[PDB]
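> Below is the structure, and that's it, no one-letter string:
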DNA sequence: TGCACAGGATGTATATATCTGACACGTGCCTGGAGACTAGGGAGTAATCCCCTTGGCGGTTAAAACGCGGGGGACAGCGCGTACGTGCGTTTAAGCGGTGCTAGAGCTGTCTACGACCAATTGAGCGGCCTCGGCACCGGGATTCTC
DNA sequence: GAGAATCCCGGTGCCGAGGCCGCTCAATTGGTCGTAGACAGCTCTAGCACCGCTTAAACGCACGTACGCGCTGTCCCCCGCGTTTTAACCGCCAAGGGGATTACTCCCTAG
């Protein structure tokens, strides 16, 4: 099972190498678009993480209302109670994984904030 | 008397309502004025004698 | 039947207030034991505040001061 | 690199004071993260006592009073 | 008929008890217990109902906090059912011996 | 070709440090650490010599008091080796969060 | 000649003079300065106002018009600096916040 | 108590390790000072039975 | 004759929530809370004044006690409110 | 034998009508906070002395970093049984609530003797200085777990 | 059965732990007065005791099934040990900056 997955990964790497050797500009554009999408998703996640720290924000009021509704009360309700938990360390791990994915997209683009203002 | 920003010395348009420190624009407020250590606001106000 | 004046589902009620799932049968007398070693430390301090005050009844005041002592303070009855 | 001042055989020395036969390798940085919050929590209440004393040096007199305020009153250096 | 999985209606009972704010110990066995436990230190001792409520609220908070401490020590020990050594560990690591 | 069993000399040096009571923490790196952690609030800080010794004794006592607790958590976990999860449960049961 | 109290001189609704009385014959110090009850009164103002804000939002969150001690308990325990300040005090008739461990759920 | 803890370890001088030995053995004194850290006293030697190796 | 804070805190609630009612037990909890906070702050200030060999309690030792007791952002908001109140009161000229 | 239609039964919908039920506002009152006047002593300023502590030397040396062989300890996995959850029959003694009785909480009055306050006094406990032996340190031989 | 690794007995400065005198404030004694603690005496709230109806909660027996527990095979990651090397520590000299303290003063807080 692991050997078949390794052979599939090697075949995918060979297909990516053949696509880079055949159409380098199209693969570079696709990898740049993927890097831009990953950067936009990471920026949205960072904006959400910054907005969650504010106690007077409307997201904090919505979290308080969700906690009051969960106290007020189903598989969906149990899933919402599981997903309404605080996960700062998991947020940092997800940010690290998103940074690793963005670095992989940047490496795929390579293979295929300023101080003025 | 003319009003100046306490951090940079430029033209101070605004003034924070918490520690009464004048600032120039948003980046100064976000980086310097709001997350400032306690006791430094009085030393800033010591320069123009407003402590 | 005084120390077992509390009943078998009473520890169950205090258990399911605590978010537990499965409960054994040998823990009921042990929870009653920590009841004994908690209420000795509470009402010995309460009766010291009682007969210091030249009274032979406990009021609402000495009990919450006894609770104020060890750091397990309780509101609502402070007046 | 100054945060690398505390050394791993010193953490081993502290561990064998506790009497532990087997130490895994992550315990060192775990105790580092534990201790870093911990000493800063008394540096919090030492330098404000120093500042209210109109002093710019710390001593053995305010640090023992900071520990006595939080709740680990320590003997040996007065107080 | 239709039954329930053991451990699913117990979730409903858990959420019912963690919504409901009511008192979980009957007042007369508790007042008998505190009267016969106050008789040892001093005789002819009368009581107050507000003192009864304060005492019962204190011990109810104490079993509650001790009980999630025991539950956390139990799931720490890769189990679901709690036992007596979980209680002894919770008391020893909480500081009261 | 005399090779000791692993853990026997660990227990022997555990015994030697059980009669021992001296400081197990180097002085100058800890002085550097407390200066770099105290510089962040009001600079140009003078320090007395006895304050560093008091800080040494308090950090060593807190370390050994946490380590006995996590030893009890580990021996309750049916293991000999400690982990981060024992340290978190020790911090949870002692209550410093 | 007639002038009003120091509370509206400082713009506060809590009694400055009563706090001064309690600081005087509370035997904390043999001499009490003038500005101490004003500062202490303002601190109690902000603490009571913030607690009443969280209680009012909790009572709005349950669609009621009265302050139940459940609202006070959930407002104190939900918020984290009020958790650290009020960790060792048990609120009379407060209850317990709902929490289930993730491994205790029917994960399947 | 410190004098007895001095004579059982052959010394005529009081050291803080002897003071720690004198406070920790008496249980009522121990919970009297359950929140007190001593300086240069050490900890009592306790070795766990599961951590003790071999058999008999 | 007995003392309570009830009218003041009632007014504080009417300033922000006009249509909200009150349980008497809630006043008992909140009266105990404000008395307990006044208790810890006042003896922290007295302890600090006894430390500095001073016989006088002023605004600065209770400022340091507020910095000692309260968490950091509550400490900074509390000293902001206290400083603006004491500077408003000190402008009796 | 099954299905469709018709008739009866019942739910309900929304404004009533009585009709309590627990809340927020309009008058006394009394006592304690505020204004005004006096005193004295507690921070406040500041200068000066001296002491310790922050850098900077340098040697040297226990001790940490690093790499390497090996061995039990933690990891998941699988089976055996029983203990806790579920359920219905059968108590029982909690809860309400009602009444009767009386201790004891609580307020007031009055007194006088314990204690703050003040002035004089004498002695004893802090401190600089002086002197010497307990213990750590070092050297070398007996002795005990471990392999 | 051997071997590191201990415990145990004897010589060595030493430097840090007991006396001792000088003496300076701080404990001691006496007198005065004005109030607070103690006791007596008083009025009613509130705590204890018991009877009786209702019934929802609690005990007890029966069984069924997940879950606590016993065993097992295995990576493998911690543990003992040799080899650099790198910073910790001890001896010390000098500065100067910061704490202690004296000394008058006035204002603001007690009454």
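Noted; the coordinates are in hand. Numbering: from 1, shown residues only, chains lettered A, B, ... in the order given.
> Which residue ranges of the chain form strands?
Using chain A. Counting by DSSP state E, chain A has no strands to list.
> my bad, the chain I had in mind was chain G
G:31-32, G:66-67.
> Parallel or antiparallel, which strands does the first one pair with?
Taking DSSP bridges as the criterion, strand G:31-32 pairs within the sheet with strand I:56-57 (parallel).
> Please apply the same query to the last one.
With DSSP bridges as the test, strand G:66-67 is paired with strand I:21-22 (parallel).
> do the very next helix or strand once past the strand it pairs with and chain E meet at all?
Counting by DSSP states H and E, the element after strand I:21-22 in chain order, helix or strand, is helix I:24-51. No - using CB under 8 Å from any CB of the partner chain, helix I:24-51 never reaches chain E; the gap is at least 10.8 Å. To be clear about C-beta, it is placed using only N, CA and C from the backbone, and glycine gets the same treatment.
> Show me what helix I:24-51 is packed against.
On a contact count with 3 or more CB pairs under 8 Å, 6 or more residues apart in numbering or on different chains; DSSP states H and E, helix I:24-51 meets helix D:27-52, helix G:16-24, helix G:36-60, helix G:69-78, helix I:6-16, strand I:56-57, helix I:59-69.
> Point me to the residue of chain A nearest chain C.
Residue of chain A nearest chain C, by CB to the nearest CB: residue A:81 (12.2 Å).
> Please apply the same query to chain I.
Counting by CB to the nearest CB, chain I gets nearest chain C through residue I:32, at 3.2 Å.
> where's that residue relative to chain B, distance?
30 Å (CB to the nearest CB, to the nearest Å).
> What residue in chain H is the furthest from its centre?
Most distant residue from the mean C-alpha position of chain H: residue H:55, 27.9 Å away (CA atoms, centre = their mean).
> how about that residue, secondary structure?
Following DSSP: H, G, I helix; E, B strand; the rest coil, we place residue H:55 in the coil state.
> Now it. Its backbone dihedrals?
Residue H:55 has phi and psi values of phi -140, psi 140 when expressed as degrees, to the nearest 10.
> quick one: contacts for the residue nearest the centre of chain C?
Nearest residue to the geometric centre of chain C (CA atoms, centre = their mean): residue C:39, 4.9 Å. Taking CB atoms under 8 Å, 6 or more residues apart in numbering or on different chains, we find residue C:39 in contact with E:33, E:34, E:37, E:55, E:59.
> Ranking by neighbours, what's the top pick from those residues?
In terms of neighbours by other CB atoms under 10 Å in any protein chain shown, the contacts of residue C:39 top out with residue E:55 at 25 neighbours.
> Which strand or helix spans that one?
Using DSSP H and E, residue E:55 sits within helix E:49-76.
> Please spell out which residues along that helix are buried.
Under the neighbour-count criterion of 16 or more other CB atoms under 10 Å in any protein chain shown, helix E:49-76 has E:50-76 buried.
> before we move on, what about stretch A:74-82?
Neighbour-count burial for stretch A:74-82, counted by 16+ other CB under 10 Å, picks out A:78, A:81.
> what's next to that stretch, contact-wise?
Contact with stretch A:74-82 is made by A:66, A:70, E:11, G:98, G:100, G:102, G:105, G:106, as judged by CB under 8 Å, 6+ apart.
> and if you look at stretch I:25-42?
Residues contacting stretch I:25-42 (CB under 8 Å, 6+ apart): C:73, C:75-79, G:19, G:22-23, G:26, G:28, G:40, G:43-44, G:47-48, G:51, G:55, G:67-69, G:72, G:89, G:91-93, I:4-6, I:9, I:62, I:65-66, I:69.
> Pull out the buried members of those.
The buried subset of the contacts of stretch I:25-42 (16+ other CB under 10 Å) comprises C:73, C:75-78, G:19, G:22-23, G:28, G:40, G:43-44, G:47-48, G:51, G:55, G:67-69, G:72, G:89, G:91-93, I:5, I:9, I:62, I:65-66, I:69.
> Could you pull up the contacting residues of the most centrally placed residue in chain E?
In chain E, the residue lying closest to the centroid (CA atoms, centre = their mean) is residue E:63, at 3.4 Å. The contact partners of residue E:63, by CB under 8 Å, 6+ apart, come to C:11, C:14, C:18, C:31.
> Try it again at 6 Å.
Neighbour list for residue E:63: residue C:14 [criterion: CB atoms under 6 Å, 6 or more residues apart in numbering or on different chains].
> Report how many residues lie close to the closest residue to residue A:55 other than its chain neighbours.
Leaving aside its chain neighbours, residue A:55 sits nearest to residue G:79 (7.2 Å; criterion: CB to CB, 6 or more residues apart in numbering or on different chains). For residue G:79, the count of nearby residues is 18 (other CB under 10 Å).
> Now neighbour count too, for the contacts of stretch A:74-82, in a markdown table please.
Below are those laid out as a markdown table (neighbours: other CB atoms under 10 Å in any protein chain shown):
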| residue | neighbour count |
| --- | --- |
| A:66 | 13 |
| A:70 | 17 |
| E:11 | 17 |
| G:98 | 18 |
| G:100 | 17 |
| G:102 | 10 |
| G:105 | 14 |
| G:106 | 10 |
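> Can you redo those residues as a markdown table, where the extra columns are distance to DNA strand J?
Output for the contacts of stretch A:74-82, formatted as a markdown table (distance: CB to the nearest atom of the strand, whole Å):
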| residue | distance to DNA strand J |
| --- | --- |
| A:66 | 28 |
| A:70 | 22 |
| E:11 | 9 |
| G:98 | 19 |
| G:100 | 15 |
| G:102 | 16 |
| G:105 | 16 |
| G:106 | 13 |
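> Just name the closest of the residues you listed to residue C:60, please.
residue G:98 (30.8 Å; CB to CB).
> So the closest one versus chain E, what's the distance?
5 Å.
> Are stretch B:8-17 and chain I in contact anywhere?
No - under the criterion of CB under 6 Å from any CB of the partner chain, stretch B:8-17 makes no contact with chain I; the nearest approach is 9.0 Å.
> end-to-end on that stretch?
Stretch B:8-17 has an end-to-end distance of 19 Å (CA to CA, to the nearest Å).
> So what touches it?
Taking CB under 6 Å, 6+ apart as the rule, stretch B:8-17 contacts B:3, B:4, B:5, B:22, B:23, B:24, B:33.
> which parts of that stretch are buried?
Neighbour-count burial for stretch B:8-17, counted by 16+ other CB under 10 Å, picks out B:12, B:14.
> repeat for stretch I:47-63
For stretch I:47-63, a neighbour-count test (16+ other CB under 10 Å) marks I:47, I:48, I:49, I:57, I:58, I:59, I:60, I:61, I:62, I:63 as buried.
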